[PDB]
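Observations on the model geometry
So you can see what is in the structure, the chains are spelled out below.
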Amino acid sequence: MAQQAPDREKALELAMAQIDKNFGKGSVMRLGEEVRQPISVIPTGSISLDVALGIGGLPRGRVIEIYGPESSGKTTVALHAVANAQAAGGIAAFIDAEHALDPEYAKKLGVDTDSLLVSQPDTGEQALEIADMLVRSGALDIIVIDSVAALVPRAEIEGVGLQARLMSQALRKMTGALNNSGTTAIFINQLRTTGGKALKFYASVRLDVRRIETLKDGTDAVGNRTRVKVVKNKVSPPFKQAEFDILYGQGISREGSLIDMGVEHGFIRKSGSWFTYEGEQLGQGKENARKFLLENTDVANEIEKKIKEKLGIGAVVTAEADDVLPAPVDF
Ligand SMILES: Nc1ncnc2c1ncn2[C@H]1C[C@H](O)[C@@H](COP(=O)(O)OP(=O)(O)OP(=O)(O)O)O1
Ligand SMILES: Nc1ncnc2c1ncn2[C@H]1C[C@H](O)[C@@H](COP(=O)(O)OP(=O)(O)OP(=O)(O)O)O1
Ligand SMILES: [Mg+2]
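Residues numbered from 1 in each chain as written, not as in the entry; some residues may be left out. Chains lettered and ligands numbered in written order. Heavy atoms only, no water. Residues with missing side-chain atoms left out of burial classes, pairs and counts.

Structure determination for the deposited model, as stated in its record, used X-ray crystallography, and the stated resolution is 3.20 Å.

The test is simple: UniProt positions are given in the numbering used here, feature names are shortened, and annotations may be inferred rather than shown by experiment.
The name given to the chain in the PDB entry is Protein recA, with Mycobacterium smegmatis as the source organism. This structure appears in the PDB under the title "MSRECA-dATP COMPLEX". Its UniProt record, at the heading Subcellular location, says of the chain: "Cytoplasm".

Next up, the structure:
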């Protein structure tokens, strides 16, 4: 080389060059790197968690894990990422093992329940089997499994080692057909190790979702402020964070997102009372501005785009900005 010399950057690039080469893309990155923008992606439904994932949504053909304490926001997230998939006329499966979906809450989010394949597995060696067997076909686009913690091994539900081995296997047999089909998988996880102590490594994306404040300002408490930290992202630098709202019954607050998200970058101003926009006003009081966007889809689609144009993302317009070495630029 030239050791007892300097750290000059030329050589190090060959390393990575090869590491990404032997272990595949994503094996080594610089946290604040330039992200590789793809074409196919499933928007999560919250602009915030989107750019947080850095690519616009969730990656395809990759397994994603969503763990977190009860009633935090996982399923929704799932349920939304599920609806959007369908917006591109896709087939989405759902493996029930918790027996807790309310097809009508799904209904208000976007889900075309009547098209949604919902299996209710007899045991653990079935939700994984029907999963893969439903996966190897390749007609789907996104398959969801409710709780990695309730997939008890055939043996157990009758008459040690099992669950982790169960996951370890099928998830090895499956991580292989999902990539060769672009079928993205979501594995909800109810944290409160052995089961997902494979999924952990098998996964590409791993979202951590926790409830924060109980959205307060009127009728009683209408929503909940969810934070989400992407502790593992083998498709873009990791450790990013996005916070967002999910109104009871309403779902993840898109509009609400666009505001905090739209000011946190300079497209939307002042706002003592008043949240103005490029000259005109969107209203006084967040909820109100929240109202004006959900009453003016047009203005709403102008702030989601504009923003997705200042930070990459695979899309619609921007058309010139993107390339030639290193930089997020401020916080
Ligand atoms: N079926 C429903 N009908 C009406 N509101 C709902 C329904 N289901 C969930 N919610 C609301 C209340 C909560 O604030 C929020 C939680 O999102 P959710 O996706 O259910 O979280 P989660 O699935 O990660 O947690 P849990 O562990 O409780 O299953 O959505
Ligand atoms: N709570 C939030 N904090 C920061 N960014 C957020 C948040 N919620 C959503 N976003 C979106 C909005 C921002 O325009 C974008 C992230 O800002 P960004 O400056 O690009 O941070 P980053 O690249 O410097 O930080 P990190 O060091 O954590 O890797 O993501
Ligand atoms: Mg961060």
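Now that the structure is up, let's keep going.
**A short note on the UniProt feature "binding site: phosphate" in the chain**
Rule in force here: Counting from the N terminus, the helices are the DSSP runs of H or I reaching at least four residues and the strands are the DSSP runs of E reaching at least two. Any two residues whose heavy atoms approach within 4.5 Å at even a single point are treated as in contact.
Mapped onto this numbering, the UniProt entry gives "binding site: phosphate" at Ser71, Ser72, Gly73, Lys74, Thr75 and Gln190. The residue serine 71 is located in the loop between β1 (63-67) and α3 (74-87) in this model. By secondary structure assignment, the location of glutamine 190 is in the loop between β5 (184-189) and α8 (196-202). Not counting the four nearest positions on each side in its chain, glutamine 190 is found in contact with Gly68, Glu70, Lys74 and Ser147.

**Topic: the site of ligand 1**
Here is the rule we go by: By convention in this text, a residue qualifies as near a molecule or strand provided that one of its non-hydrogen atoms is within 4 Å of it. We call two N or O atoms a polar contact when they sit within 3.5 Å, provided that within protein one can donate a hydrogen and the other can accept it, with sequence-adjacent residues counted only if both atoms are side-chain atoms. In these tables, accessible area is a Shrake-Rupley quantity obtained with a 1.4 Å probe, and a residue counts as shielded only by the protein chains included in the view. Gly is put with the polar residues, along with every residue not named as nonpolar or charged; the nonpolar set is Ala, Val, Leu, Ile, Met, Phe, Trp, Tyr, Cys and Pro, and the charged set is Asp, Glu, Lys and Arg.
Of all residues adjacent to ligand 1, which total 13 residues, the nearest are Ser71, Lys74, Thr75, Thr76 and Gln190. Within the contact set of ligand 1, an oxygen atom lies 3.1 Å away from a side-chain nitrogen or oxygen of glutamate 70. Between ligand 1 and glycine 73 there is a distance of 3.1 Å, counted from an oxygen atom to a backbone nitrogen or oxygen. Its free accessible area being 630 Å², ligand 1 has 75% of it covered by the protein chains. Top contributing element to the shell around ligand 1 by residue count: α3, with 3 residues. Residues that form the shell around ligand 1 fall into these classes: 2 nonpolar, 8 polar and 3 charged.

**Quick notes on the environment of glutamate 33**
Counted only if it meets this: We call a residue buried when its accessible area falls under 20% of the maximum for its residue type, exposed when it is over 50%, and partly exposed in between, using a 1.4 Å probe and counting protein chains only.
Mapped onto the secondary structure, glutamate 33 falls in the loop between α1 (9-23) and α2 (47-53). By relative accessible area, which is 33% here, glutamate 33 ends up partly exposed. Separated by 28 residues in the primary sequence, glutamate 33 and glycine 61 place their C-alpha atoms 23 Å from one another.

**Focus on the UniProt feature "binding site: ATP" in the chain**
With numbering aligned to this structure, UniProt lists the feature "binding site: ATP" at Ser71, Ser72, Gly73, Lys74, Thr75, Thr76, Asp102, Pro103, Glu104 and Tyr105. If sequence neighbours within four positions are ignored, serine 72 has contacts with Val209, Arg210, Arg211, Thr226 and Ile246. Reaching out from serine 72, the side chain makes a polar contact with the backbone oxygen of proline 69 at a distance of 2.5 Å. Secondary-structure assignment places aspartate 102 in the loop between β2 (91-95) and α4 (103-107).

**A word on the packing of helix α9 (residues 254-263) against helix α11 (residues 297-308)**
What counts here: A fitted line through C-alpha atoms represents every axis, and for helices the fit uses only the stretch in contact; the resulting angles, taken between N-to-C directions, go from 0 to 180 degrees. Every angle not falling under 35 degrees, over 145, or within 65 to 115 is termed oblique; those three ranges are roughly parallel, roughly antiparallel and roughly perpendicular. Crossing handedness: left-handed means the near helix sits turned counterclockwise from the far one by under a right angle, and right-handed means the same turn made clockwise.
One way to put it is that α9 packs onto α11 with a least axis distance of 10 Å and a crossing angle of 50 degrees. Accordingly, the angle class assigned to the pair α9 and α11 is oblique. Both α9 and α11 take part in a crossing whose hand is left-handed. Across the interface between the two elements, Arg254, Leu258, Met261 and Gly262 from α9 touch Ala300, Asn301, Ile303, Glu304 and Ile307 from α11. A class-by-class count of the residues in the contact of α9 with α11 yields 5 nonpolar, 2 polar and 2 charged.

**Things to note about the packing of α9 against helix α10 (residues 286-293)**
Two numbers describe how α9 lies on α10: the axes approach to 9 Å, and their chain directions differ by 115 degrees. As α9 runs across α10, the sense of the crossing is right-handed. Within the contact between the two elements, α9 uses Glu255, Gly256, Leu258, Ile259 and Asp260 and α10 uses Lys286, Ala289, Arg290 and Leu293. Partitioned by chemical class, the residues of the contact of α9 with α10 number 4 nonpolar, 1 polar and 4 charged.

**Description of the pattern of salt bridges**
Rule in force here: For salt bridges, the criterion is a side-chain nitrogen of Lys or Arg within 4 Å of an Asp or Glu carboxyl oxygen.
Following the criterion strictly, the structure yields 11 salt bridges and no others. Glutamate 65 is the salt-bridge partner of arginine 206, the closest N and O atoms lying 2.6 Å from each other. As far as the burial class goes, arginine 206 and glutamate 65 line up, both buried. The salt bridge involving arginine 136 is made with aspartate 132; its shortest N-O contact spans 2.6 Å. Judged by relative accessible area, which is 45%, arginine 136 ranks as partly exposed.

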